[PDB]
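Here is work_1.cif, consisting of mmCIF, C-alpha atoms:
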```
data_target
#
loop_
_atom_site.label_atom_id
_atom_site.label_comp_id
_atom_site.auth_asym_id
_atom_site.auth_seq_id
_atom_site.Cartn_x
_atom_site.Cartn_y
_atom_site.Cartn_z
CA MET A 1 -23.12 -82.24 -148.49
CA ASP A 2 -23.84 -81.69 -144.78
CA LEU A 3 -23.75 -78.13 -143.43
CA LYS A 4 -23.52 -77.03 -139.78
CA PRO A 5 -25.58 -73.98 -138.80
CA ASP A 6 -22.53 -71.92 -137.82
CA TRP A 7 -20.89 -72.86 -141.10
CA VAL A 8 -24.00 -71.47 -142.84
CA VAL A 9 -23.80 -68.23 -140.79
CA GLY A 10 -20.12 -67.86 -141.73
CA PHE A 11 -20.75 -68.51 -145.43
CA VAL A 12 -23.66 -66.02 -145.54
CA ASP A 13 -21.67 -63.36 -143.64
CA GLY A 14 -19.21 -63.85 -146.50
CA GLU A 15 -21.42 -64.38 -149.56
CA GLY A 16 -25.05 -63.63 -148.72
CA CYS A 17 -27.05 -60.57 -149.77
CA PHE A 18 -30.24 -59.19 -148.25
CA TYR A 19 -31.94 -56.96 -150.78
CA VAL A 20 -35.14 -54.94 -151.03
CA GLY A 21 -36.06 -53.70 -154.49
CA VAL A 22 -38.99 -51.50 -155.47
CA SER A 23 -40.43 -51.44 -158.98
CA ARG A 24 -43.32 -49.60 -160.54
CA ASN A 25 -46.38 -51.86 -160.73
CA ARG A 26 -49.56 -49.92 -161.41
CA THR A 27 -51.79 -52.84 -160.43
CA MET A 28 -51.00 -52.05 -156.80
CA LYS A 29 -53.12 -49.37 -155.28
CA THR A 30 -49.94 -47.67 -154.20
CA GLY A 31 -48.53 -48.04 -157.75
CA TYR A 32 -45.41 -49.92 -156.56
CA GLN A 33 -44.26 -53.37 -155.59
CA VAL A 34 -41.74 -54.12 -152.87
CA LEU A 35 -39.45 -57.10 -153.66
CA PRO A 36 -37.41 -58.46 -150.79
CA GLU A 37 -34.92 -61.15 -151.70
CA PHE A 38 -32.05 -63.13 -150.34
CA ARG A 39 -29.28 -64.22 -152.71
CA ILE A 40 -26.00 -66.12 -152.58
CA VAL A 41 -23.85 -66.13 -155.75
CA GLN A 42 -21.20 -68.75 -156.52
CA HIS A 43 -19.05 -69.80 -159.50
CA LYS A 44 -20.38 -72.84 -161.35
CA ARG A 45 -17.62 -75.01 -159.88
CA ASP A 46 -19.37 -74.56 -156.53
CA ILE A 47 -22.95 -75.07 -157.59
CA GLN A 48 -23.04 -78.01 -155.16
CA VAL A 49 -22.88 -75.56 -152.23
CA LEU A 50 -25.89 -73.70 -153.63
CA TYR A 51 -27.96 -76.89 -153.72
CA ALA A 52 -26.73 -77.78 -150.25
CA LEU A 53 -27.91 -74.37 -149.01
CA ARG A 54 -31.27 -74.82 -150.72
CA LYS A 55 -31.58 -78.15 -148.87
CA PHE A 56 -30.60 -76.53 -145.57
CA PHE A 57 -33.37 -73.91 -145.74
CA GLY A 58 -35.78 -76.29 -147.47
CA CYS A 59 -36.61 -73.74 -150.18
CA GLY A 60 -35.28 -71.45 -152.87
CA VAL A 61 -34.33 -71.43 -156.52
CA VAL A 62 -30.93 -72.22 -157.93
CA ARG A 63 -30.53 -70.47 -161.25
CA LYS A 64 -27.89 -69.01 -163.57
CA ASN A 65 -27.28 -65.26 -163.45
CA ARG A 66 -22.33 -67.19 -162.10
CA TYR A 67 -25.05 -69.29 -160.51
CA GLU A 68 -27.35 -68.03 -157.75
CA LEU A 69 -29.42 -69.30 -154.85
CA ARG A 70 -32.31 -66.86 -154.82
CA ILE A 71 -35.06 -66.82 -152.24
CA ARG A 72 -38.15 -64.71 -152.96
CA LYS A 73 -41.15 -66.58 -151.63
CA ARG A 74 -42.25 -64.98 -148.39
CA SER A 75 -42.77 -68.36 -146.71
CA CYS A 76 -39.16 -69.31 -147.51
CA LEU A 77 -37.87 -65.85 -146.49
CA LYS A 78 -39.61 -66.40 -143.15
CA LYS A 79 -37.52 -69.50 -142.54
CA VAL A 80 -34.39 -67.55 -143.50
CA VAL A 81 -35.35 -64.80 -141.04
CA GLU A 82 -36.01 -67.18 -138.17
CA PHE A 83 -32.73 -69.02 -138.83
CA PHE A 84 -30.71 -65.80 -138.46
CA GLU A 85 -32.58 -64.79 -135.27
CA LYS A 86 -31.49 -68.03 -133.61
CA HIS A 87 -28.03 -67.83 -135.24
CA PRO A 88 -27.05 -64.20 -135.73
CA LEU A 89 -24.78 -62.85 -138.45
CA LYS A 90 -21.42 -61.51 -137.34
CA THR A 91 -20.52 -58.85 -139.92
CA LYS A 92 -22.42 -55.71 -140.94
CA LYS A 93 -24.75 -58.03 -142.85
CA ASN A 94 -26.45 -58.27 -139.41
CA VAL A 95 -27.58 -54.66 -139.82
CA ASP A 96 -28.89 -55.22 -143.37
CA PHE A 97 -30.55 -58.33 -141.96
CA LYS A 98 -32.43 -56.36 -139.29
CA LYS A 99 -33.75 -53.78 -141.75
CA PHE A 100 -34.67 -56.60 -144.12
CA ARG A 101 -36.58 -58.33 -141.35
CA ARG A 102 -38.43 -55.19 -140.34
CA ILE A 103 -39.66 -54.69 -143.93
CA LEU A 104 -40.67 -58.36 -144.17
CA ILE A 105 -42.76 -58.07 -141.01
CA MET A 106 -44.44 -54.91 -142.31
CA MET A 107 -45.27 -56.71 -145.57
CA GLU A 108 -46.63 -59.84 -143.87
CA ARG A 109 -48.87 -57.56 -141.84
CA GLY A 110 -49.88 -55.71 -145.02
CA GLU A 111 -48.42 -52.33 -144.16
CA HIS A 112 -46.93 -51.88 -147.64
CA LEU A 113 -50.45 -51.53 -149.04
CA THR A 114 -50.69 -47.93 -147.81
CA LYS A 115 -48.85 -44.87 -149.10
CA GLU A 116 -47.36 -44.28 -145.66
CA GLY A 117 -46.23 -47.86 -145.18
CA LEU A 118 -44.61 -47.90 -148.61
CA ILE A 119 -42.85 -44.69 -147.71
CA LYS A 120 -41.65 -46.16 -144.41
CA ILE A 121 -40.30 -49.23 -146.20
CA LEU A 122 -38.43 -47.13 -148.78
CA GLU A 123 -36.81 -45.16 -145.97
CA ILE A 124 -35.69 -48.32 -144.19
CA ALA A 125 -34.32 -49.77 -147.46
CA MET A 126 -32.29 -46.57 -148.02
CA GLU A 127 -30.47 -47.31 -144.74
CA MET A 128 -29.33 -50.74 -146.03
CA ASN A 129 -25.89 -51.20 -147.60
CA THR A 130 -27.25 -53.18 -150.55
CA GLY A 131 -27.51 -50.86 -153.54
CA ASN A 132 -30.26 -48.88 -155.20
CA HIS A 133 -30.15 -45.80 -152.94
CA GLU A 134 -30.50 -43.29 -155.75
CA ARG A 135 -33.21 -45.45 -157.26
CA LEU A 136 -35.08 -45.63 -153.93
CA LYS A 137 -34.70 -41.88 -153.65
CA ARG A 138 -36.27 -41.39 -157.08
CA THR A 139 -39.26 -43.56 -156.31
CA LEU A 140 -39.77 -41.75 -152.96
CA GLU A 141 -39.95 -38.55 -155.05
CA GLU A 142 -42.58 -40.02 -157.39
CA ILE A 143 -44.76 -41.26 -154.52
CA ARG A 144 -44.74 -37.78 -152.89
CA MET B 1 -15.66 -60.30 -131.07
CA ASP B 2 -15.10 -64.05 -130.56
CA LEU B 3 -15.67 -66.50 -133.42
CA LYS B 4 -16.73 -70.18 -133.51
CA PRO B 5 -14.53 -72.56 -135.63
CA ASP B 6 -17.45 -73.62 -137.87
CA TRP B 7 -18.17 -69.95 -138.53
CA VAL B 8 -14.56 -69.37 -139.49
CA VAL B 9 -14.74 -72.30 -141.93
CA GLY B 10 -17.95 -70.93 -143.49
CA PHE B 11 -16.50 -67.44 -143.83
CA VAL B 12 -13.18 -68.64 -145.26
CA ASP B 13 -15.04 -70.96 -147.64
CA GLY B 14 -16.71 -67.79 -148.90
CA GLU B 15 -14.02 -65.11 -148.66
CA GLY B 16 -10.67 -66.82 -148.12
CA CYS B 17 -7.79 -66.84 -150.59
CA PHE B 18 -4.74 -69.13 -150.55
CA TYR B 19 -2.04 -67.42 -152.54
CA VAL B 20 1.45 -68.45 -153.58
CA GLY B 21 3.63 -65.67 -154.94
CA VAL B 22 7.25 -65.65 -156.05
CA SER B 23 9.85 -62.90 -156.09
CA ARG B 24 13.50 -62.62 -157.00
CA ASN B 25 15.83 -62.77 -154.02
CA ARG B 26 19.55 -62.70 -154.61
CA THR B 27 20.35 -64.22 -151.20
CA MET B 28 18.85 -67.58 -152.23
CA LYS B 29 21.03 -69.94 -154.31
CA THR B 30 17.99 -70.57 -156.47
CA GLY B 31 17.52 -66.84 -157.12
CA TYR B 32 13.94 -66.72 -155.78
CA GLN B 33 11.75 -66.85 -152.73
CA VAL B 34 8.30 -68.45 -152.67
CA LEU B 35 5.79 -66.43 -150.65
CA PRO B 36 2.75 -68.41 -149.65
CA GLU B 37 0.01 -66.38 -148.01
CA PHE B 38 -3.54 -66.51 -146.78
CA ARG B 39 -5.57 -63.38 -147.33
CA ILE B 40 -9.10 -62.28 -146.54
CA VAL B 41 -10.39 -58.99 -148.03
CA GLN B 42 -13.32 -56.95 -146.65
CA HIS B 43 -14.92 -53.57 -147.11
CA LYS B 44 -13.77 -51.10 -144.45
CA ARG B 45 -17.12 -51.19 -142.61
CA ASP B 46 -16.27 -54.77 -141.75
CA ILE B 47 -12.84 -54.06 -140.44
CA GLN B 48 -13.87 -55.57 -137.11
CA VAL B 49 -14.24 -59.05 -138.67
CA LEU B 50 -10.64 -58.92 -139.91
CA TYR B 51 -9.41 -58.22 -136.39
CA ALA B 52 -11.62 -61.04 -135.06
CA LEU B 53 -9.99 -63.50 -137.49
CA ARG B 54 -6.58 -62.17 -136.53
CA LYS B 55 -7.48 -62.81 -132.89
CA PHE B 56 -8.90 -66.21 -133.72
CA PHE B 57 -5.64 -67.34 -135.37
CA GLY B 58 -3.54 -65.35 -132.92
CA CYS B 59 -1.38 -63.96 -135.73
CA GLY B 60 -1.37 -62.01 -139.00
CA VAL B 61 -1.50 -58.38 -140.07
CA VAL B 62 -4.53 -56.27 -140.91
CA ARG B 63 -3.64 -53.68 -143.57
CA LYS B 64 -5.07 -51.48 -146.31
CA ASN B 65 -5.83 -53.23 -149.59
CA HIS B 66 -7.01 -50.75 -152.24
CA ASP B 67 -9.54 -47.98 -152.18
CA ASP B 68 -12.10 -48.74 -149.51
CA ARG B 69 -10.86 -52.28 -148.80
CA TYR B 70 -8.75 -53.87 -146.05
CA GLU B 71 -7.03 -57.25 -145.69
CA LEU B 72 -6.03 -59.71 -143.08
CA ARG B 73 -2.76 -61.05 -144.46
CA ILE B 74 -1.01 -64.05 -142.98
CA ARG B 75 2.55 -64.59 -144.17
CA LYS B 76 4.82 -65.69 -141.33
CA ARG B 77 5.66 -69.37 -141.37
CA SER B 78 4.61 -69.95 -137.81
CA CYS B 79 1.25 -68.30 -138.52
CA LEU B 80 0.66 -70.17 -141.79
CA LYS B 81 1.28 -73.37 -139.84
CA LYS B 82 -1.56 -72.49 -137.43
CA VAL B 83 -3.81 -71.78 -140.41
CA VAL B 84 -2.91 -75.13 -142.01
CA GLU B 85 -3.57 -77.08 -138.86
CA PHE B 86 -6.89 -75.33 -138.33
CA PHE B 87 -8.22 -76.39 -141.75
CA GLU B 88 -6.89 -79.91 -141.30
CA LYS B 89 -9.12 -80.16 -138.19
CA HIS B 90 -12.07 -78.32 -139.70
CA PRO B 91 -12.11 -78.99 -143.45
CA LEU B 92 -13.43 -76.48 -145.95
CA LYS B 93 -16.67 -77.47 -147.70
CA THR B 94 -16.33 -75.69 -151.06
CA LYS B 95 -13.71 -76.07 -153.76
CA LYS B 96 -11.61 -73.69 -151.72
CA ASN B 97 -10.47 -77.04 -150.24
CA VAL B 98 -8.71 -77.89 -153.52
CA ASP B 99 -6.70 -74.66 -153.36
CA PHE B 100 -6.06 -75.25 -149.65
CA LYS B 101 -4.75 -78.70 -150.31
CA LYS B 102 -2.33 -77.40 -152.97
CA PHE B 103 -1.30 -74.62 -150.60
CA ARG B 104 -0.65 -77.09 -147.79
CA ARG B 105 1.43 -79.33 -150.07
CA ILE B 106 3.63 -76.36 -150.93
CA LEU B 107 4.13 -75.34 -147.28
CA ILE B 108 4.97 -78.95 -146.37
CA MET B 109 7.51 -78.89 -149.18
CA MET B 110 8.97 -75.57 -147.95
CA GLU B 111 9.26 -76.87 -144.37
CA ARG B 112 11.33 -79.76 -145.80
CA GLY B 113 13.58 -77.22 -147.56
CA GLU B 114 12.59 -78.48 -151.05
CA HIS B 115 12.43 -74.88 -152.27
CA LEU B 116 16.23 -74.81 -151.82
CA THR B 117 16.69 -77.17 -154.75
CA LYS B 118 16.00 -76.37 -158.41
CA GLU B 119 13.66 -79.33 -158.89
CA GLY B 120 11.92 -78.64 -155.62
CA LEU B 121 11.28 -74.99 -156.53
CA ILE B 122 10.13 -75.95 -160.01
CA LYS B 123 7.66 -78.42 -158.53
CA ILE B 124 6.38 -75.70 -156.21
CA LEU B 125 5.82 -73.28 -159.09
CA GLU B 126 4.08 -76.04 -161.04
CA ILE B 127 1.69 -76.77 -158.17
CA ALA B 128 1.06 -73.02 -157.67
CA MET B 129 0.00 -72.75 -161.35
CA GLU B 130 -2.68 -75.40 -160.81
CA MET B 131 -4.19 -73.09 -158.18
CA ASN B 132 -7.11 -70.71 -158.74
CA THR B 133 -5.33 -67.48 -157.94
CA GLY B 134 -4.65 -64.54 -160.18
CA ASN B 135 -0.92 -64.98 -160.70
CA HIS B 136 -0.35 -67.47 -163.53
CA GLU B 137 1.65 -65.53 -166.11
CA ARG B 138 4.09 -64.46 -163.38
CA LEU B 139 4.71 -68.06 -162.33
CA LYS B 140 5.14 -68.98 -165.98
CA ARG B 141 7.77 -66.30 -166.61
CA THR B 142 9.64 -67.46 -163.48
CA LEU B 143 9.83 -71.06 -164.76
CA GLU B 144 11.20 -69.74 -168.08
CA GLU B 145 13.87 -67.70 -166.27
CA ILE B 146 14.81 -70.73 -164.24
CA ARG B 147 15.18 -72.93 -167.34
#
```

Now, as a test, write the supplied structure out as structure tokens.
Amino acid sequence: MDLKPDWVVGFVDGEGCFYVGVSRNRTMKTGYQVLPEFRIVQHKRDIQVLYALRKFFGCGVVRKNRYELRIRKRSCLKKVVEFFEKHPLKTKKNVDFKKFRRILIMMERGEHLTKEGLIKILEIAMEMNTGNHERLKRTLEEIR
Amino acid sequence: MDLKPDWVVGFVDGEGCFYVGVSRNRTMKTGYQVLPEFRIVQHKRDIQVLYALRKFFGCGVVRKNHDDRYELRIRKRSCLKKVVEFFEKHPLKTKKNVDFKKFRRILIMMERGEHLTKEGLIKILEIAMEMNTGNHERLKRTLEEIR
């Protein structure tokens, strides 16, 4: 499988998901962990595409949920982010992408380690289309 | 917005559906009309993409689907022909290509008028049933009516 960058942009506009989860994790000073992730889900008949996309980005995990390319490692997410800056998404995923990127930058620069940075991140995540709004709302309430 | 061909391929690989329906139609000697179509469904916030694809192909209708969803639907023979020739030039990468190839075979058959004959229509229904679309039991009932 050989994939052309604009083919990848099209496929991700269609199938890709930029997500930021937050879970309780009382090890963290703040009490919470932010979990950004990028995911593309395909039926098993198309698992080849998932491996081809892993090869394209040079990183990621292909796993069964229905199989998934899931990217969690910040180094790998960085490559994803710089790909989509050079080759922008076309749908509303572009807007989720930009919030996703902003959170990733904040985390790389360690801003999530303060109460105020965590709060800022939660607010940005609540503006994304990818679920968990009520859940983000409830953790904002616990932090305050 | 303007789209690049490779982007269209990528997007259709992900979200495209090649559909072959059938309905009764008394004006046909065979008693039925095959209705191939290409559809792409999106949430309403991405309505703009549907109009971009419509502009890219230069044909098709954007319409409500259900609830908060909308569709680009391409049905007219002259438009389907433009879709077929596009994906001949720029092949799909996923197993959407298998559906596409079955879809193209059917349209080629329908251009040749094969749907006007019993055996030609039967063959079309049989190919449609090998496709990954949610219409099998309807195709099956139609074959039973025919026989």

Open item on the list: Take the PyMOL selection byres ((chain A and resi 8-14) around 8), run it mentally on this structure, and tell me the resulting residues as JSON, numbers by chain.
Closed with: {"A": [3, 4, 5, 6, 7, 15, 16, 17, 40, 53, 84, 87, 88, 89, 90, 91, 93], "B": [6, 7, 8, 9, 10, 11, 12, 13, 14, 15]}

For the selection you just gave me, I'd like the residues written to a file as a PDB file, in the coordinates of the input, keeping C-alpha atoms.
```pdb
ATOM      1  CA  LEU A   3     -23.750 -78.130-143.430  1.00  0.00           C
ATOM      2  CA  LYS A   4     -23.520 -77.030-139.780  1.00  0.00           C
ATOM      3  CA  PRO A   5     -25.580 -73.980-138.800  1.00  0.00           C
ATOM      4  CA  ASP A   6     -22.530 -71.920-137.820  1.00  0.00           C
ATOM      5  CA  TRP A   7     -20.890 -72.860-141.100  1.00  0.00           C
ATOM      6  CA  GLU A  15     -21.420 -64.380-149.560  1.00  0.00           C
ATOM      7  CA  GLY A  16     -25.050 -63.630-148.720  1.00  0.00           C
ATOM      8  CA  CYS A  17     -27.050 -60.570-149.770  1.00  0.00           C
ATOM      9  CA  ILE A  40     -26.000 -66.120-152.580  1.00  0.00           C
ATOM     10  CA  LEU A  53     -27.910 -74.370-149.010  1.00  0.00           C
ATOM     11  CA  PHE A  84     -30.710 -65.800-138.460  1.00  0.00           C
ATOM     12  CA  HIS A  87     -28.030 -67.830-135.240  1.00  0.00           C
ATOM     13  CA  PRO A  88     -27.050 -64.200-135.730  1.00  0.00           C
ATOM     14  CA  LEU A  89     -24.780 -62.850-138.450  1.00  0.00           C
ATOM     15  CA  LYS A  90     -21.420 -61.510-137.340  1.00  0.00           C
ATOM     16  CA  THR A  91     -20.520 -58.850-139.920  1.00  0.00           C
ATOM     17  CA  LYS A  93     -24.750 -58.030-142.850  1.00  0.00           C
TER      18      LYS A  93
ATOM     19  CA  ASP B   6     -17.450 -73.620-137.870  1.00  0.00           C
ATOM     20  CA  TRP B   7     -18.170 -69.950-138.530  1.00  0.00           C
ATOM     21  CA  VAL B   8     -14.560 -69.370-139.490  1.00  0.00           C
ATOM     22  CA  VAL B   9     -14.740 -72.300-141.930  1.00  0.00           C
ATOM     23  CA  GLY B  10     -17.950 -70.930-143.490  1.00  0.00           C
ATOM     24  CA  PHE B  11     -16.500 -67.440-143.830  1.00  0.00           C
ATOM     25  CA  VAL B  12     -13.180 -68.640-145.260  1.00  0.00           C
ATOM     26  CA  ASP B  13     -15.040 -70.960-147.640  1.00  0.00           C
ATOM     27  CA  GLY B  14     -16.710 -67.790-148.900  1.00  0.00           C
ATOM     28  CA  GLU B  15     -14.020 -65.110-148.660  1.00  0.00           C
TER      29      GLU B  15
END
```

Task: the PyMOL selection byres ((chain B and resi 126) around 12) resolved against shown file, as a VMD selection string - done: chain B and resid 20 22 102 to 103 105 to 106 119 to 125 127 to 131 136 to 144

Task: Given only C-alpha atoms as the counted atoms, nearest of A:92, A:66, A:72, A:86 to chain B - done: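 The answer is A:92, which sits nearest to chain B.
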
- [ ] Determine the residue set returned by the PyMOL selection byres ((chain B and resi 82-99) around 9) for the present structure, and present it as a ChimeraX atom specification.
- [x] /A:1-3,45-46,48-49 /B:5-6,9-10,12-14,16-19,38,57-59,74,77-81,100-104,107,130-133

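With distances restricted to all atoms listed in the file, A:101 is the closest residue to residue A:128 from A:43, A:112, A:101, A:29.
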
TODO: Calculate how many Å separate atom CA of residue A:138 from atom CA of residue A:41, rounding to one decimal.
DONE: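 Those two atoms sit 27.7 Å apart.
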
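Closest to residue B:46 among A:133, A:111, A:104, A:95 is A:95, based on only C-alpha atoms.
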
Open item on the list: One number please: atom CA of residue B:134 to atom CA of residue B:67, in Å, one decimal.
Closed with: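 The value is 19.0 Å.
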